[PDB]
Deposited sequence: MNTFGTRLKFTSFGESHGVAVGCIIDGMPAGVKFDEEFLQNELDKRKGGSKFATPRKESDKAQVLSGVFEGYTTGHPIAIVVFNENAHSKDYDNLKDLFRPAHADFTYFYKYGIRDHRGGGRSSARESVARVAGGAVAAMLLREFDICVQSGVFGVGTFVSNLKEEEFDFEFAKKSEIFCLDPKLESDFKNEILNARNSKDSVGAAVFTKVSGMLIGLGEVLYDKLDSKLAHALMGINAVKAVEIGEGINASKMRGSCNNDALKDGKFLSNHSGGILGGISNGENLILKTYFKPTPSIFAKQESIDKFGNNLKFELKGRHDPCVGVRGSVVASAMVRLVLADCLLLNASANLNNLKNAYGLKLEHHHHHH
């Protein structure tokens, strides 16, 4: 299957000889400011090949029809990114921001606070480092791994802000499930964490519990998901990449962070449409 998503179906098709890859995003609502720049830029982040929008858009706005795109087994990575880009366009309309970066490389793992990683620094970093104190070690560790004609794993951090509430189809299409599915699906990924993650297993209810009783939530141990639906809080997702199975990629977890973003994008933009008609009020409003 080369298609992904319930309502916002993403499909990537290959092309032997690797001349170019391509994706199809179906399900995008009409009337969306199509920033073909933000698209082209995102594609430059991975392994950093121009994207050519074939349809679904006219006069700078989405038509509401399938948006075909071609960029010059295939290397799906390129497609996953294009598609995610497009989905971020619908996410911006709701001020939902998804960003990721490398916080661990080899035996070097930043021991900072989740909401303490420097995304500003990440954007300007050649490796998307989130801890400026270890940015030199990651590079060295990677370079060392390269020259040695070897590879090294990496730990990615994906944070999502401006989260709405109720995103996620409870029971068998929960936001964490979908996220886990899209992230584990990424090449080289061998583990996925949401919030406290593995550590939540070693805690007690009295320490993991996130209460509010008043305004918003106090603590965010949950990672931004409760019962499989988003609670409004930021999204704390961690994707761990194994070492790639100078040339080749001594640390694919770097390029992988860019893909982990695209995937989390597609999912969220997918739940966003799925949860549209979850309320009769919404529905009447939808039909005037």
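Residues of the deposited sequence lacking C-alpha coordinates, counted from 1, fall in the stretches 49-59, 84-123, 297-317, 361-370.
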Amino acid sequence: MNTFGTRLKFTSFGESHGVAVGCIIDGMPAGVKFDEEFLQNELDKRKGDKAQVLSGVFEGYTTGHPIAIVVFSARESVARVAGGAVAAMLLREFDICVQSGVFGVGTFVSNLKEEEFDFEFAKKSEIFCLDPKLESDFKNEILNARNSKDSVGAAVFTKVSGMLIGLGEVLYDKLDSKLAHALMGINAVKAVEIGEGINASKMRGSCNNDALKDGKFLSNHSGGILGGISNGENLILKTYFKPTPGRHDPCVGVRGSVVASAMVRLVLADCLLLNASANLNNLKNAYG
From here on, numbers count along this sequence of modelled residues.
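Taking the PDB entry as given, 17-25 carries the higher mean Cα B factor of the two stretches 260-268 and 17-25. Stretches 79-87 and 214-222 differ in mean C-alpha B factor, with the higher average recorded for 214-222.
Take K190, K159, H181, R146 and read off each C-alpha B-factor from the entry; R146 has the highest. By the numbers in the PDB entry, the CA B factor is greatest at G60 among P243, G232, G227, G60. Ranked by C-alpha B-factor against the other modelled residues of its chain, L171 falls in the middle third. In this PDB entry, the Cα temperature factor of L164 sits in the bottom third of its chain's modelled residues, the lowest group.
In this PDB entry, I67 carries a Cα temperature factor that places it within the middle third of its chain's modelled residues. In this PDB entry, the Cα temperature factor of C207 sits in the top third of its chain's modelled residues, the highest group. Sort the chain's modelled residues by C-alpha temperature factor and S12 lands in the middle third, per the entry.
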